[PDB]
Each structure stands twice: as C-alpha cells, then as structure tokens.
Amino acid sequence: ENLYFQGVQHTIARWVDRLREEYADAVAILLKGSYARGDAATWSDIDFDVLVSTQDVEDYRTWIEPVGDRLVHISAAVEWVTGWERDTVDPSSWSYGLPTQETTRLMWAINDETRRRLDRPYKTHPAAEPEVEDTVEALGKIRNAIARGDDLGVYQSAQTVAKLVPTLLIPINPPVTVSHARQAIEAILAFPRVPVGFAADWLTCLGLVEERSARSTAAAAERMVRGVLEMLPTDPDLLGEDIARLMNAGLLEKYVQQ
C-alpha cells in the first residue's frame, strides 16, 4: 500500500536525525538492505548502518515503530567506521561464496572528507576461496551415511557439498556479483559452465526442493562433485599446492572412483 510505503519513507527520514541525536560520535549514517535496493515488501526491515568514530564499537539496535496502523521493524548496526570500511576485504557469509555488492545509500555524513569516501552505491566483498578438500570430505560423509542407512546424514552432508560447490564454479564461470541472498540462488542457477545435472542437483543437495530421497540426494551430490572436479584447471594458487599436485598425479580421481 502506497500510504504504508510513503510512511516507511518518512520513518526512514526521521530516523536519520534520531540516530544522529542519539550517537554524538556518529560520522555517517547509511541505509542498507531492501529499502536501499528499492525491492522492499510488507515484512521488510528498515536497515541502517551507523558509523562512529569510537574505536572497536559494535552494537545492534532494534526498534518496532508505528507506520499508520502497522508496525515496522527497524535495525541499526553501530560500528567503528574504520572496521566497517575494512570488511570489504572479507567475503560475505550469505552468498554461497559469490562476490557481493552490499548496497549502501548514504543519508548523512559529518564532513566533506567522510562524505566523499562513503558516498558509494555499495561495499564490495571478494569471492570465497575454492574448497576442494572439504567438498571431497563431505562426499565421503555422504557415502558413509548411505552405507549405514542414515538419511538425515545424507541430507546434512549433501547441504555441505552444495554450500561448497559454488566456490569451485566461480573461477570458471563469467564474473557475477549479487546484492542479496535470494539473488545468489539466481546467479548460481544461471552459471553457464556447469557439470551434467547441476541446476537441479544443486537445489536437491541444498535441500531447497519439494521431494527427494537419500538415494536421489546422494546421486545428485556424486554428479556435482565428480563433474566439477573434472572442470578445474590444476592451479596451485587457486586450489592449493597439494590439491593441484594430487589432481595432476591422478590421485584425486582415483580416490573418488575406487
């Protein structure tokens, strides 16, 4: 409803001043999340970052505030400005390893130098590093769980495989970044260079499907892992020295197939 969303827009404007007046050490206030992206819906939160000059500060504030006859959830992450700026070097936790553009809309800054540095459309994060070993380890756990008839073990370790395989596909696919978790699913399903079965198998292993069995899930995991390992260049800086050597020696393949 237009009145609700106009109301939220007004709440956002009011909150900028409220945050300034509460945090004397604030140097910048940025809108984040759904309302920063322009894709919010009824239950979306209003998210702010409040960057302060006070070192090693890290608090999380929550409000629940009336907008007409509704209540909206407001969150503010209060953080040392420098620590906030530095986390651009760390991969996001929510993108299945994909590099991200964490949407930022600067609402207020204390001075010209700060405002210039922080008036950007997003903060970037790099891709997570490939985890070949942990992928293979998880496939072994799936095999063990099948052998002992432990369906939950198969489902759980298949989720591990599904969380790690995108780290392996990222380097061999065209570059893609995402701004939120739901889009990470879209981007990964869209990868053009993937092993046989991938799109369907990835959802099966991640446990984002209507129906599956332990047998069908293990088979999906097998296809993904066997498939992706065949598609990687033997680059020791990308995959690890031991891993690249084991691949060239034919040992990784022999281990998987024995």
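In case it trips you up, residue 1 is the first one in the sequence shown, and so on.
Of the two segments, 246 to 254 and 14 to 22, the one listed with the higher mean B-factor is 14 to 22 (C-alpha atoms only). Relative to its counterpart among 218 to 226 and 49 to 57, 49 to 57 has the higher mean temperature factor, C-alpha atoms as listed in the PDB entry. When the C-alpha B factors of 105, 143, 125, 116 are read from the deposited coordinates, the top value falls at 116.
Out of 89, 181, 98, 161, the entry records its largest CA B-factor for 89. When all modelled residues of the chain are sorted by CA temperature factor, residue 153 is found within the lowest third. Per the deposited record, the Cα B-factor of residue 112 falls in the highest third when ranked against the other modelled residues of its chain. Residue 171 sits in the lowest third of its chain by CA B factor, as recorded in the PDB entry. For residue 93, the recorded CA temperature factor ranks within the middle third of the chain's modelled residues. The deposited CA B-factor of residue 37 belongs to the middle third of values across its chain.
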